[PDB]
Amino acid sequence: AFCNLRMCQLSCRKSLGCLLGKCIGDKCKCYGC
């Protein structure tokens, strides 16, 4: 579910390992872990 979750994980993997966050259209943004 969610706007490409798996791929989103990537954005987190690259951006920051914060398993939790928010997804957008085609965007993604983790939290403070």
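Residues numbered from 1 in each chain as written, not as in the entry; some residues may be left out. Heavy atoms only, no water.

For this structure, the PDB header gives the title as "Lei4P".

*Asks:* Please explain unusual backbone geometry as it appears in this structure.
*Replies:* Phi is mostly negative for residues that are not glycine, and the peptide bonds are mostly trans. One non-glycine residue, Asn4, adopts positive backbone phi at about 50°. Residue class for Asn4 comes out partly exposed when judged on its relative accessible area of 46%. Backbone geometry at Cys33 places phi at a positive 70°, although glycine is not the residue there. Mapped onto the elements of the fold, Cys33 is located in the segment after β2 (28–30). Accessibility expressed as a relative area gives 53% for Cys33, which makes it exposed. (Buried < 20%, exposed > 50% of the residue type's maximum accessible area, 1.4 Å probe, protein only. Helix = DSSP H or I, 4+ residues; strand = E, 2+ residues; numbered from the N terminus.)

*Asks:* What is the right way to read the state of the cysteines from this model?
*Replies:* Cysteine pairs can be covalently joined through their sulfur atoms, and such a bond is termed a disulfide. All told, the structure shown has four disulfides when counted by the stated rule. Across the disulfide from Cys3 sits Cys23; the S-S distance is 2.0 Å. Of this pair, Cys3 sits in the segment before α1 (5–15) while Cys23 is found in strand β1 (residues 21–23), placing the two residues 20 residues apart along the sequence. For the chain, the disulfide bridges join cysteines in the arrangement 1-5, 2-6, 3-7, 4-8, where the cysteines are counted in sequence order. (Disulfide = S-S within 2.5 Å.)

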